[PDB]
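Enquirer: this one is an experimental structure. Sequence first:
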Amino acid sequence: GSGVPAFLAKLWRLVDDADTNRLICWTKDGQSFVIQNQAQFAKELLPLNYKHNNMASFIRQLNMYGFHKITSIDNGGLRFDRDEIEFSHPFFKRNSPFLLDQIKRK
């Protein structure tokens, strides 16, 4: 708040909530988040939020806020629920109520 745009703030409740207890959740404890199902995670969460629905558009935007998914990169990545699109961001954890007010468009 006091700065956190309505963008990251949404990633706070979105990742939480119950209806989204499968399309997106916290990784293990609370280091970041992941979206195993990248399908319904688009035409069922972006419209009631960003309105648009383009998927690669949401991820293409993550590259602007500063993200680094450790997956899909000149390496095998076929179906495998163990490397699910994991987004790592040392500035989007639970505690430390000062990370949100730091990530911005470059």
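Expert: Thanks, I have it. Numbering: from 1, shown residues only.

Enquirer: list the buried residues of the helix or strand containing residue 12.
Expert: Secondary-structure assignment from DSSP states H and E places residue 12 in helix 8-15. Residues of helix 8-15 classed as buried: 8, 11, 14, 15 (neighbour count, 16 or more other Cβ atoms under 10 Å). Yep, even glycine has a C-beta here, placed from its N, CA and C like the rest.

Enquirer: for that helix, packing partners?
Expert: Packing contacts for helix 8-15, counted by 3 or more Cβ pairs under 8 Å, 6 or more residues apart in numbering; DSSP states H and E, involve no helix or strand.

Enquirer: after that helix comes which helix or strand?
Expert: Counting by DSSP H and E, what follows helix 8-15 is strand 25-26.

Enquirer: strands paired with the helix or strand just after that next one, and their directions?
Expert: With elements assigned by DSSP H and E, the helix or strand that comes after strand 25-26 is strand 33-34. Sheet pairing of strand 33-34 (DSSP bridges) gives strand 25-26 (antiparallel), strand 86-87 (antiparallel).

Enquirer: can I get the ones you listed in TSV including mean neighbour count and distance to residue 56?
Expert: Below are the strands paired with strand 33-34 laid out as TSV (neighbours: other Cβ atoms under 10 Å; distance: least, Cβ to Cβ, whole Å):
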stretch	mean neighbour count	distance to residue 56
strand 25-26	14	22
strand 86-87	18	14
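
Enquirer: helices of the chain, start to end?
Expert: With DSSP state H as the criterion, the chain has helices at 8-15, 55-65.

Enquirer: report the angle between the shortest one and helix 55-65.
Expert: Put simply, helix 8-15 runs at 130 degrees to helix 55-65, going by axes from the mean of the first three to the mean of the last three Cα atoms, to 10 degrees.
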